[PDB]
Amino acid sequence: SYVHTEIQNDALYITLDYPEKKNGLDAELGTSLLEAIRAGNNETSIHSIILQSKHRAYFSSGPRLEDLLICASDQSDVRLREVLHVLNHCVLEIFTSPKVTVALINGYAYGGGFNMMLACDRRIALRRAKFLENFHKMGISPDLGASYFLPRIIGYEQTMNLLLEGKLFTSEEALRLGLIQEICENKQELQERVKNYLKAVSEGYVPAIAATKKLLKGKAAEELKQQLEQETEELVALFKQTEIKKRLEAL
């Protein structure tokens, strides 16, 4: 099972555990992740869903260049549409969760490997965490909700600049931009911080939390759903163009 699940004190922990691809995003992990998010969402008794990685070195490597290359080489678009469908549903199901959603970024989180977590209510990173948005050099458009979330979180102009620079950036920079909400210095502090955070969530009333999130989001989930569809079409179109195959090959 590409992801592990456990409920403790009325909170669901979803742990990415896919060493073969370093927590990479493909159709199989995606399907397993989606199932887990949906189970948490449908679980009346929990108040929170925590997304995390089991592996010290990384949170998620994101979509794998090797896997993308296969999609570029595929002339049917089926492989590409397949993986995007599942991962897009993961993003949407996180975004529309009635539970308080938190992502714990312990290690590096590249591309969609970070971006999917932008759908969470809060993102907390270890100091050592590193981030990367590499669409520009790859010759592709942003996906997995990135075109929706980035401008809304950090602003359009800063999004264009972040994508243009395509740098490995620090947790400090991510905090400054508002991509993440806070930084913990080490594993133990993160562990304590999370415990305290969930204690605070538990003092609320589950249906009130759900209504609150619903009201705050308003028409956003409808907008995101539409944007995910547009991202899909733009990316598929680009993946039919030789330049994209060439860049993926080179990489």
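The numbering used is simple: start at 1 and walk along the sequence shown.
- For the segment pair 81 to 89 and 147 to 155, the entry gives 81 to 89 the higher mean B-factor, averaged over Cα atoms.
- Annotation for 27 to 35 versus 184 to 192: the higher mean temperature factor (C-alpha) is found in 184 to 192.
- The PDB entry assigns the greatest CA B-factor among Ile94, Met160, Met138, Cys71 to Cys71.
- Split the chain's modelled residues into thirds by C-alpha temperature factor. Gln241 is in the middle one.
- Ranked by C-alpha B-factor against the other modelled residues of its chain, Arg122 falls in the lowest third.
- When the modelled residues of the chain are ordered by their C-alpha B factor, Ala210 lands in the lowest third.
- Placement of the Cα temperature factor of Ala57 within the chain: highest third of the modelled residues, per the deposited record.
- Annotation for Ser171: C-alpha temperature factor in the middle third relative to the rest of the modelled chain, per the entry.
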